[PDB]
There are 4 protein chains.
Amino acid sequence: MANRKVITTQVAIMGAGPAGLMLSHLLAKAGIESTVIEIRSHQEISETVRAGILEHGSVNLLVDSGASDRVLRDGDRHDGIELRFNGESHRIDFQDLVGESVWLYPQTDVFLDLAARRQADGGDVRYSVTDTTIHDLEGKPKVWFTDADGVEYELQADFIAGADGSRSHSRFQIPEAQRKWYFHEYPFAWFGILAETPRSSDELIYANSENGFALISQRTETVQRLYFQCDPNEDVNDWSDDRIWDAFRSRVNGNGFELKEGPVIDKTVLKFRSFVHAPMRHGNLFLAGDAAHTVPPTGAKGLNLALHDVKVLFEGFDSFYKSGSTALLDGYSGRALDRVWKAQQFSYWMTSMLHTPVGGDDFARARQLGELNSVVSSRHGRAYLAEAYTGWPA
Amino acid sequence: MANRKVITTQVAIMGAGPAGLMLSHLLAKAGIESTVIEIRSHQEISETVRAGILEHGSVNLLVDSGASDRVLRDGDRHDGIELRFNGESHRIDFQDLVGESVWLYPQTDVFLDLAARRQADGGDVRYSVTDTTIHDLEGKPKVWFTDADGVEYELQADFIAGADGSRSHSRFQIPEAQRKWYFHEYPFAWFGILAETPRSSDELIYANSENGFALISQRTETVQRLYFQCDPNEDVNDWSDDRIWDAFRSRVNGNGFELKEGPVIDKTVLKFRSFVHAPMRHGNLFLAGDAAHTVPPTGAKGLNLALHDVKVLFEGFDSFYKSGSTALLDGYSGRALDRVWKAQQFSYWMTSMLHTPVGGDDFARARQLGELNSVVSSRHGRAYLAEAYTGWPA
Amino acid sequence: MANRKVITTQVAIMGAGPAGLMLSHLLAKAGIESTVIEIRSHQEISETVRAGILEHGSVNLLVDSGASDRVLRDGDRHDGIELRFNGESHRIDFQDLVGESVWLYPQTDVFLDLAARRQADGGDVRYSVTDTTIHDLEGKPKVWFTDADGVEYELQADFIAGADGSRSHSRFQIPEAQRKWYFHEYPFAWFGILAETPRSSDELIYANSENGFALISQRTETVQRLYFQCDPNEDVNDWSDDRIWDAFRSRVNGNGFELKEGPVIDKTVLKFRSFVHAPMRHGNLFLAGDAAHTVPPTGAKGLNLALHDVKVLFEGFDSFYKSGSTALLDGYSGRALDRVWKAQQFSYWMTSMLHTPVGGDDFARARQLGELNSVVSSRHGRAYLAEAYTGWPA
Amino acid sequence: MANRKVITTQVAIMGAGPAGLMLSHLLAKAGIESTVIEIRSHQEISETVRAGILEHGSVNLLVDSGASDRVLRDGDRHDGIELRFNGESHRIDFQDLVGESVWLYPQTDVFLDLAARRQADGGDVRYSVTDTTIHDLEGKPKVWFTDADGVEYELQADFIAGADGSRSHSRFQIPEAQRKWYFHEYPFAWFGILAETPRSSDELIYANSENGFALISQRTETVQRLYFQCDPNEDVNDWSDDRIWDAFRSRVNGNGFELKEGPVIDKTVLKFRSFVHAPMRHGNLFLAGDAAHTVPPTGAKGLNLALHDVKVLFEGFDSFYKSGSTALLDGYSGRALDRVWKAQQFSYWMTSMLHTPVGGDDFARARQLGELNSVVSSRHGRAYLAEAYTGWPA
Ligand SMILES: Cc1cc2nc3c(=O)[nH]c(=O)nc-3n(C[C@H](O)[C@H](O)[C@H](O)COP(=O)(O)OP(=O)(O)OC[C@H]3O[C@@H](n4cnc5c(N)ncnc54)[C@H](O)[C@@H]3O)c2cc1C
Ligand SMILES: Cc1cc2nc3c(=O)[nH]c(=O)nc-3n(C[C@H](O)[C@H](O)[C@H](O)COP(=O)(O)OP(=O)(O)OC[C@H]3O[C@@H](n4cnc5c(N)ncnc54)[C@H](O)[C@@H]3O)c2cc1C
Ligand SMILES: Cc1cc2nc3c(=O)[nH]c(=O)nc-3n(C[C@H](O)[C@H](O)[C@H](O)COP(=O)(O)OP(=O)(O)OC[C@H]3O[C@@H](n4cnc5c(N)ncnc54)[C@H](O)[C@@H]3O)c2cc1C
């Protein structure tokens, strides 16, 4: 009733997000003790609806590791996407051009899959914990937390992996002198709505117009997920279903294509930045996923990045826990950040190409249209774009 | 007034640069009399030594028109180039990737050939003229000039072609209300030197380093042409052959590749900006070449753009003087500017990828290395680059 | 690395222009360590022949700061100007309309005063330095420079202020992503001559004619300062003194007014554009004067703007160094940019009203004359013009 | 060939529009016979809905000439206006600044007044006539026309005056060699709507915003007239009343100011350009009103200019027909065109200050706000604006 209980694990994992839970499960199947603490309820996580686009590799990781094959049953495979600009829609054919596809499967469903998998396998994931602090980072680290029932624990592990997300608490514990932050902020955001309607397109539509950028994308057959470019500080309450659909028509509708429209069942404005914390390992803290980086949503590279991170980190942990090798853990930061910059650059290129530069810089708008034309008009261009989108298989 | 002699031509051409002379010669070979006025001496023009990289199409135009095949004899065909960064040199194999090559031939040599060809055919080309004005652009145009020996003349033409280059006089005579000017100015320039030594590589090497960008390019076997990135207002006299070679060393040298060095025989600071005047026809003035647009030198598209300009303009002029159709003349601006923005986009991409972002932009520089990696690492990437470099063949 | 002598000050000043030197003297008189570095010799600066038109307030700053009262002795106070169009000259009476005057006094004399004053008091002004570099701007800044005798120094300051002029080195060192450049380029320039002759009128004459614009201005009693509108790349080499005086005659003379004339003792062609770099503070580098903006000469607002910048910046610096308050520095860009755009708008209006629209816009010329009549015909109009001319007294 | 009945007048007036009828009545009360031919039915003319902004002078001409004093009772006098930009509304106080007002009184009401006045006083206004031809203009002119009932007439008079409006037939009969035309077209138009609602402001609100320009105007107390800036080719059909009012809120609403609204009862888009036909007298045909010029709606200066034209035309006719002097008739064109150019410039300046320049010229937008600030903050500026707005009292 006053005991701060000591409990032991091999890996302390902070975050019941996709990256944390995926790492938890791979550690489980390689036989390494992991305890995962999260500050939100399972329900909070499941009611937070982020759409998702999974690269070939992320879908393979979910599957070949046994986490959950429901992605293959309930998530739709797409062989391409379309760029809409100047009234024309062009098709980037992933399969014809690079022979890979992507799978559209909501990220919350990945969460549900992974959390259920861990529970069914009796994994140790504590939700709704509080008073979270981290200690002895370069030693044998220790995590202080008060679990959901009010009980206090000191968890002691060999390493901590902080998968706290972009509001990371673990990464706030690193001394500034031993880290470096890379930032780049944008003057626009996405206004994202979930609306009840049939497919207005089969594939994703990225569209660029004088009035802004807009993405026509799908989540359910009943509900579709749509985004359009907006001011960073817009209040959804000052928005009518009519006004939302008007913005969408002005950017997408016309020239022999009409956008199906429905009731606006949720709306939310979603800001974003490029962020990179390097190196991704400090002492025995490893950072993974959005705790360590973030990207503009355009590329769909975020959750792919996180899953990738946990995979490379896990390979390091297994090498170490099987043979005592430190070579892979030391190479974790290099391997991860390498991909992180590739993704940063690609998501940046996509953002630049598709969003109309806020405020009408005319040479800028001209150059942007020039680029869009060259990309859709060159087979090498479409192939390079598809390679980046579908996960750089090579 | 005293008499300024009144003379007629069908096309009065302002500028004895390569675009002006090439149009003059093409109008000649189709039997259309064109008179060329220039404000510099033939000698002034020839002492300006700018290197040149000619796309296949430019070489075909120079040859199949009879202008000069000396491009084939004295100019070297290159089949690729190299992007150097982080000590490694990667090679874009143009012929392997897109099946085109390019020809390295000094731009002043092209001027020499074309000027000689005009003289040899008796073409009217008057150098060192002054008092140059342009009048009645929407009427039957008129060019006033005071030729070399002091005679004042009024030339009357059916059309004026302004090929004045970036110090163009003609584009200033087009009313501001009826045109649009497009800008983008860079925070660096090029320091260009000619030094006597053999080629330190076979092909051109574009290198990007912490200290800046540098281009290793060839002019003679005796003389090599080098450039390195510099501040827009750098003064060449505050630099020694030693200091210049230092900048080149710190940017290019390393990892088993050494830069040969020689006596520094010329040094000059060479500014540049991206500019586009649209539309490229006003009344009966047609603008071409640096009169209507300019590029960063990185992409090598400037003289190529000029030749493309004059080629499309000649086809319009021929259509009209043979069959009276204005369709080709009316579509000149569209055709020309379509290609011009293509080049604008590509030259911007090359520039931003290789020049080091001034000021310790950390995200900027990190993403730059990411992009350079994605491009040299992907065959589609190198293919897209090669396609554009060589002139968008297919 | 041979130790570069390291020296510290509180404010590093880049530029020995009037704005820079005046900043130095204001910092000195409030007792703040200010060190000024320059790349030109004092004699080179002095051979720079620029006339000047001082707003009332600028003359007040020159005196009430102790910089130099020589302005009042050797520079003459003017109570108005005359607008010449349609062969008629109308007079704007500054004192009658807004009750302020302006003081015509060569800008080089202001440089002389400020150079002499800093030198005669403790002089921290280093001429003819080279190897100018800027570092760690968002931190505690550093300036590297190689002074005139070859000494290398690393200077460390709390703030850097860029008064480099339009050939600024500082504005090229601020990351492109954190700045914006504003442009507007004109289709004309000024051909400026200094000629020995008596004053042809009382005040400056702004004259507008079918043949172009011309400004008759005063510098000495012996020498008058004259400008006429010309093509941006006009070369004086192709110009005789007779032809110059013909241009002035066709632009100004008539209806019983003839311009007195003399030997053309200097001639030079003078380019200009409207340019604005915002924000005017990045980190602890502050930009001022032609380093941060430029305007067309028609309105006479350039050096006035520079001095205004330095005054507001000095006030921020003093507030901070006296109470540790940052507020005045933080709003520096705001105040400066407000006044700067006001000057920008005024100078654009003056230029657009007075120069003859290149290319025979008939509607443009008619609208121009309509405006000029409506302006000189309305008392409110002349008062608005005078208010802006004299510096917005109120 | 059938004989056309021969009829006599002194002044042939073509157009029973405001200017034609006003000339008719001035001629009547001065005892000069006026005969008026019109191509529309009386109901046709009266159904034309132009809002109206009458200068001081138009109100004086309407009242003191006896046309109809109904304007003072039934037209509302406005003593200022409000410039809304950057969410701020500044007020131009016409009465405070120049001591004149303007009267908002629909132009349709002025037509009714003038038509009723001519009919009751004995007047020749022949509506719904056709088969218009005009002959022997530089002599004693002759006009052929067919009234609505089929009667054929040749009317023969001393002078013809054309008030046909901007689709004028008379100005198309003038030899191009004997005239000059001035044109200039703008890239936008006005979206004008008539909607039932109470006053959202007392005075007119001109508002300038990112999303466009918008004018809040009155016709009734019951019905309001509104405009917003849009593409010259936009169809009211593809518009919902909800969508329209959205455009208006995005342009005007904010900072605690909301636009009252009701359902939209008429909508129509209004193209506009600047035009001037000179000289306005060719032979013994005189031109007035929109037959001879056109303006941007921004100033409301069209009907005012027309009335001024007819006033000077009548005064010329009076000098000649009473004392036989041609001095007033010969100089009519000069005076009319002088004021016309004044109004052209004023309408131009208002538009450039208020319309957001389509396509994002960034320096342009900055200069625009600079102008707006300098004008609203200066008493001379607001006074000059008010002077021109209210009619150039003097
Ligand atoms: C196609 C596609 C589209 C995308 N669109 C968007 C978009 O529109 N907007 C956007 O912002 N991102 C977007 N992303 C990125 C995606 O939303 C992120 O990956 C997401 O935040 C999940 O994070 P993670 O598991 O990948 O990284 P992790 O670092 O594992 O983050 C998991 C999430 O769990 C939460 N969490 C974990 N541990 C804790 C803890 N201890 N305390 C509190 N919270 C915790 C975090 O808030 C975090 O967001 C997109 C990605 C893809 C592939
Ligand atoms: C460092 C550098 C590297 C480059 N590398 C390449 C490369 O690899 N490939 C490539 O294709 N290009 C290259 N360029 C060329 C560059 O892109 C230029 O834009 C290109 O040369 C086009 O200019 P021009 O000589 O055709 O001028 P033009 O448009 O062809 O005409 C210029 C001529 O006009 C004359 N003229 C000026 N004013 C008047 C007047 N009033 N009346 C009459 N005549 C007048 C001038 O005297 C001059 O001779 C390079 C340039 C530089 C500086
Ligand atoms: C009525 C009127 C008329 C005007 N007419 C003109 C006109 O005709 N032409 C014109 O150009 N301006 C004109 N001006 C504007 C005036 O020249 C500028 O506003 C003024 O130069 C701004 O002050 P500054 O100190 O930035 O100028 P500057 O004189 O440019 O001072 C900057 C100094 O910094 C030095 N410097 C440059 N680079 C470096 C470096 N890297 N390190 C160290 N020092 C460096 C330069 O040598 C220079 O001496 C006019 C202004 C007014 C009010």
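Residues numbered from 1 in each chain as written, not as in the entry; some residues may be left out. Chains lettered and ligands numbered in written order. Heavy atoms only, no water.

In the PDB header, X-ray crystallography is given as the technique by which the entry was determined, and 3.290 Å as its resolution.

## Observations concerning the relation of the copies chain A and chain B
To be explicit about the condition: A least-squares superposition on the C-alpha atoms brings the copies into a common frame. A contact between two residues is defined here by any heavy atoms of the two lying within 4.5 Å.
Mapping chain A onto chain B leaves a residual RMSD of 0.7 Å; the transformation is a rotation of 179 degrees accompanied by 0.4 Å of translation along its axis. The transformation relating the two chain copies, once decomposed into turn and shift, fits a two-fold axis. Measuring from the rotation axis to each C-alpha of chain A, the shortest distance belongs to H380 of chain A, at 2.4 Å. Both copies share a contact surface, since 100% of the interface residues of chain A are interface residues in chain B too.

## Comments concerning the site of ligand 3
Residues and elements named next belong to chain C. To be explicit about the condition: The nearness test applies per residue and asks whether one of its heavy atoms lies within 4 Å of the molecule or strand. What qualifies as a polar contact is a pair of N or O atoms within 3.5 Å, subject to a donor-acceptor requirement within protein and to the restriction that residues adjacent in sequence count only when both atoms come from side chains. Only the protein chains shown count as cover for residues, and all accessible areas are computed by the Shrake-Rupley method using a 1.4 Å probe.
Taken together, 30 residues form the shell around ligand 3, and within it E38, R40, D290, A300 and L303 come nearest. Between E38 and ligand 3, the recorded distance is 2.9 Å, taken from a side-chain N or O atom to an oxygen atom. A distance of 2.4 Å is found between an oxygen atom of ligand 3 and a side-chain nitrogen or oxygen belonging to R40. For ligand 3, whose accessible area on its own is 990 Å², the fraction buried by protein is 88%.

## Quick word on the site of ligand 2
Residue and element names in this part refer to chain B. Counted only if it meets this: Each helix is a run of DSSP H or I of at least 4 residues and each strand a run of E of at least 2, with the numbering of both proceeding from the N terminus. Charged residues are taken to be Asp, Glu, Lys and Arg, nonpolar residues to be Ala, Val, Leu, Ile, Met, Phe, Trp, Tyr, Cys and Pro, and polar residues to be all remaining types, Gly included. All domain edges in this entry derive from an automatic or database-based domain assignment.
Lining the immediate surroundings of ligand 2 are 29 residues, of which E38, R40, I53, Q107 and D290 lie closest. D290 places a side-chain nitrogen or oxygen 2.8 Å from an oxygen atom of ligand 2. One nitrogen or oxygen atom from the main chain of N304 is found 3.3 Å from an oxygen atom belonging to ligand 2. In isolation ligand 2 has 1000 Å² of accessible area, and contact with the protein removes 92% of it. For the shell around ligand 2, the secondary-structure elements that each account for two or more residues are α1 (18–29) and α8 (302–323). Broken down by element, the shell around ligand 2 gets its largest block of residues, three residues, from α8. Of the residues contributing to the shell around ligand 2, the split by class is 16 nonpolar, eight polar and five charged. The two domains that each donate at least three residues to the shell around ligand 2 are domain 1 (5–52 + 106–184 + 273–350) and domain 2 (185–272 + 359–389).

## Looking at unusual backbone geometry
Between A278 of chain B and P279 of chain B the backbone carries a cis peptide bond, its omega angle lying at -5 degrees. As for its placement among the helices and strands, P279 of chain B is situated in the loop between β20 (273–278) and β21 (281–282). Phi at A300 of chain C takes a positive value of approximately 70 degrees, unusual for a residue other than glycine. Turning to its location among the elements, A300 of chain C is positioned in the loop between β23 (293–294) and α8 (302–323). Even without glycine at this site, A394 of chain C takes up a positive phi of about 160 degrees.

## Quick look at helix α7 (residues 241–252) of chain D
All names here are of chain D. We apply this condition: To estimate the expected span of a helix, subtract one from its residue number and multiply by 1.5 Å. Here's how the labels work: a residue is buried when its accessible area is under 20% of the maximum for its type, exposed when over 50%, partly exposed in between, all with a 1.4 Å probe on protein chains only. In this context, the arc is that of the directions from the helix axis out to the C-beta atoms.
Its 12 residues place the ends of α7 17 Å apart at the C-alpha level, agreeing with the 16 Å of an ideal helix rising 1.5 Å per residue. Among all positions of α7, only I244, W245, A247, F248, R251 and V252 are buried. Considered in projection along α7, the buried side chains sweep an arc of 150 degrees and stay on one side of the axis. Taken from the residues just after α7, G254 is the one with a positive phi, measuring 140 degrees.

## Description of the UniProt feature "binding site: FAD 3" (unreviewed entry) in chain A
Residues and elements named next belong to chain A. Under the convention used in this document: UniProt positions are given in the numbering used here, feature names are shortened, and annotations may be inferred rather than shown by experiment.
Within this structure's numbering, the places UniProt gives as "binding site: FAD 3" (unreviewed entry) are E38, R40, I53, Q107, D290, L303 and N304. Taking the farthest pair of C-alpha atoms as the criterion, the annotated set spanning 267 residues is dispersed, since that pair is 24.2 Å apart. Mapped onto the secondary structure, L303 falls in helix α8 (residues 302–323). Among residues more than four places away in sequence, those in contact with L303 are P18, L54 and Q107. For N304, the position within the fold is in helix α8. What makes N304 buried here is its relative accessible area of 2%. Not counting chain neighbours up to four residues away, the residues in contact with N304 comprise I53, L54, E55 and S58.

## Focus: empty space enclosed by the protein
Empty space among the atoms becomes visible once a probe the size of a water molecule is rolled across them. How we decide: Every definition here rests on a 1 Å grid over the protein atoms only: cavities are sets of points where a 1.4 Å probe fits but cannot get out, pockets are open sets enclosed by protein on both sides within 12 Å along at least five of seven lines, and lining residues have some atom within 4 Å of a point. Grid points are joined across faces, edges and corners, and a volume is the space filled by probe spheres set on the points.
Counted under the stated rule, the structure contains 14 cavities of 30 Å³ or more. Its boundaries defined by the atoms lining it, the largest cavity holds a volume of some 180 Å³. Forming the walls of the largest cavity are 15 residues, and the residues nearest its centre are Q345, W349 and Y384 of chain A together with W349 and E371 of chain B. At the level of elements, α10 (332–354), α11 (362–377) and α12 (379–390) of chain A together with α10 (332–354) and α11 (362–377) of chain B are the ones that each hand at least two residues to the lining of the largest cavity. By residue number, the principal contributor to the lining of the largest cavity is α10 of chain A, which donates four residues. Taken together, the residues of the lining of the largest cavity sort by class into eight nonpolar, four polar and three charged. Of all the secondary structure elements, the ones that give two or more residues to the lining of the second largest cavity are β16 (212–218) and β17 (223–230) of chain D.

## Some points on the interface of chain A and chain B
We apply this condition: Here the buried area means the combined drop in accessible surface, using a 1.4 Å probe, for two parts upon being joined, counting both sides. A side-chain nitrogen of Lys or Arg and a carboxyl oxygen of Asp or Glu constitute a salt bridge if their distance falls within 4 Å.
Contacts between the two partners involve 26 residues from chain A and, on the opposite side, 27 residues from chain B. For the pair chain A and chain B, the summed buried surface comes to about 2400 Å²; carbon and sulfur atoms form 67% of the total. Considering only the surface of chain A that becomes buried against chain B, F363, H380 and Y384 of chain A emerge as the three largest contributors, covering 30% of it. In this structure, the connection of chain A to chain B is made through two salt bridges. One salt bridge connects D362 of chain A with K180 of chain B, and the closest N-O pair in it is separated by 2.3 Å. Applying the counting criterion to the chain A and chain B interface returns six residue pairs in polar contact. Elements that contribute at least two residues to the side of chain A that touches chain B include exactly β14 (180–185), α10, α11 and α12 of chain A. With eight residues, α11 of chain A is the single largest residue contributor to the side of chain A that touches chain B. A per-class count over the side of chain A that touches chain B returns 11 nonpolar, nine polar and six charged.

## Here we look at the domain arrangement of chain A
A common way to express how large an interface is: the accessible area buried when the components associate. Residue and element names in this part refer to chain A. Structurally, chain A comprises domain 1 (4–52 + 106–183 + 273–350) and domain 2 (185–271 + 357–390). Placing a centre on the C-alpha atoms of domain 1 and another on those of domain 2 gives a separation of 31 Å. Summing both partners gives a buried area of about 1400 Å² for domain 1 against domain 2, and 68% of it is carried by carbon and sulfur. Of all residues in domain 1, the largest losses of buried area upon contact with domain 2 belong to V49, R273 and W349, amounting jointly to 34% of the total for that side. Joining domain 1 to domain 2, the criterion identifies one salt bridge. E185 is the partner of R273 in a salt bridge, and the nearest nitrogen-oxygen pair spans 3.6 Å. Linking domain 1 to domain 2 there are three residue pairs in polar contact. Among the elements of the structure, β20 (273–278) and α10 are those that each provide at least two residues to the side of domain 1 that touches domain 2. Among the elements that line the side of domain 1 that touches domain 2, the one with the most residues is α10, at four residues. Residues of the side of domain 1 that touches domain 2, tallied by class, amount to 10 nonpolar, three polar and two charged.

## Regarding the UniProt feature "binding site: FAD 1" (unreviewed entry) in chain A
Residues and elements named next belong to chain A. UniProt annotation of "binding site: FAD 1" (unreviewed entry) refers to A19, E38, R40, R50, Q107, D164, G165, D290 and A291 when read in the numbering used here. Note on placement: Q107 falls in helix α6 (residues 107–120). Given the relative accessible area of 17%, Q107 is considered buried. Discounting residues that sit within four places of it in the chain, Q107 has contacts with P18, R50, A51, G52 and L303. Its location among the elements puts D290 in the loop between β22 (285–287) and β23 (293–294). Among the residues examined, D290 registers a relative accessible area of 31% and is labelled partly exposed. Residues contacting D290, with those up to four places away along its chain left out, are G165, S166, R171 and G302.

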